[PDB]
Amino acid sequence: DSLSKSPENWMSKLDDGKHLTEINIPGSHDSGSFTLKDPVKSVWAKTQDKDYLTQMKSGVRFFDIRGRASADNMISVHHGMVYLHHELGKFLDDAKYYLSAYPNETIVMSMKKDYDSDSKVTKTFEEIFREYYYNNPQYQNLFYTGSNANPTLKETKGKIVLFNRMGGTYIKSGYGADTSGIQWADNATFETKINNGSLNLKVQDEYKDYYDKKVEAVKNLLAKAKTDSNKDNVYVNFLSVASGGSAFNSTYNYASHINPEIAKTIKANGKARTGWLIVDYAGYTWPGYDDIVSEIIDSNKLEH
């Protein structure tokens, strides 16, 4: 009866009546850094080792896309300064390709300008994205354009939904899609209203935390999500941290220690509300250890 035995289609099995906030959804942090292959330059920069398409087969439905405008018509996928060797449009095609395959899955694409734009560039990153990406003919059916604020799965089945960190946007469909974007606190657990007071955003993004204070920070959010069945609260709980949490040698190596541990909690809680977990090294499982993504998936309640 376990849903994650087949990660490619896990959503297609939920109740399309559910709001997407009410859906426990695994995500990858810094989703497109999988292209890094210099082991050295990789110690903190690399956060994933699969590609989008596998992340997807693997069960990942929240992607943390970091972008930089390198052209008025182009958004580069970056990790700060570090160009990650593809274009925004690399992600969108693979995703378009993928929903196209598993049409009853939905993806939440977060889009945050991680770096200043190149000198040629003139249009703002939001401008750049509203114009040449969201409002583009090629991606026309893919982006949820829906009127709703608490979008249902039924509504967004087959659509890339926006979790927008671009700031104020002239886009009206997705999460915090409105003129005042989403205020995000630097390095903190914090709460805000988005999409014009329709939804509350409760985030744990304490990315600077030392390793034990990180872990306590995710558990804290997870203990909030668990006992909150309000549709109008969205939870995004970042399991990723800087510097290995000051406890480890590499983001990979840090990853190896948080995920399994967080996985144990989630599993302890059984079928409860957990919100959206953003993990480094999504879909990587160490022999013996619980898998955070799988547990995320199996924490959902599906059929009575």
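Residue numbers here begin at 1 and follow the sequence given.
Look at the mean CA B-factor for 217-225 and for 124-132 in the entry; the higher one is 124-132. Stretch comparison (138-146 versus 206-214) by mean CA B-factor in the PDB entry places 138-146 on top.
Across the residues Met111, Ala101, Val108, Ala188, the deposited record lists the maximum Cα B factor for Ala101.
Annotation for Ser70: CA B-factor lies in the highest third of the chain's modelled residues.
Among the modelled residues of its chain, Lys271 has a C-alpha B-factor that falls in the highest third, as given in the PDB entry.
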